[PDB]
Amino acid sequence: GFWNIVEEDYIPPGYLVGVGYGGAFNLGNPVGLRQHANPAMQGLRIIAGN
Amino acid sequence: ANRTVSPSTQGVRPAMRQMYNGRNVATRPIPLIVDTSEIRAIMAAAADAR
């Protein structure tokens, strides 16, 4: 039909995930990503120990 | 000579065209009927939901 079908083992066996994009409603990627408000808190960081 | 006449012989060549056959192709588009009331209902809801 209208589904583009992707083979992906990171989806577990016995699950279907359907996602829409674009159109008149302008759908986008489903999950919003939040970083910490402090600039020093952002990314993976390596820190000196005690 | 042969003097034979008919509505065909005196007439005009038919204005014939070819339909969408839906044959001798690999794929046929999904027939997706969409009336102008549906386009307005989609477009208006997309505007209201933005």
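Within the option set B:41, B:47, B:1, being surrounded by 10 or more Cβ atoms within 10 Å (Cβ to Cβ) and more than 26 Å from the chain's Cα centre (by Cα) holds for one residue only, B:47.
Of all residues being assigned to a loop (DSSP other than H, G, I, E, B) and more than 16 Å from the chain's Cα centre (by Cα) in the stretch A:17-29, which is farthest from residue B:40 (Cα to Cα)? Just the residue, please. Write out each step before concluding.
Filtering the stretch A:17-29 for residues assigned to a loop (DSSP other than H, G, I, E, B) gives A:17-21, A:23-26, A:28-29.
So of that shortlist, the ones also more than 16 Å from the chain's Cα centre (by Cα) come out as A:23-26.
Working: A:23: 14, A:24: 11, A:25: 13, A:26: 16 Å.
It comes out as A:26.
Among the candidates A:32, A:43, A:18, the residue that is over 25 Å from residue B:50 (Cα atoms) and more than 14 Å from chain B (Cβ to nearest Cβ) is uniquely A:43. Against the list (1) more than 30 Å from residue A:26 (Cα to Cα); (2) assigned to a loop (DSSP other than H, G, I, E, B), the condition residue B:32 fails is (1). Give the stretch B:33-50 a look and list any residue that's facing another protein chain (nearest Cβ under 10 Å) and among the aliphatic types (A, V, I, L, M), or say none. Residues satisfying the conditions are B:39, B:42, B:43, B:44, B:45, B:46, B:47, B:49. Residues of the stretch B:12-37 that are basic (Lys, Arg) and surrounded by fewer than 10 Cβ atoms within 10 Å (Cβ to Cβ): B:13, B:17, B:23.
Here Cβ is always computed from backbone atoms with ideal geometry, including for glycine, and neighbour counts include all displayed protein chains. Each value in this text was obtained by applying a stated rule to the coordinates, not by laboratory testing.
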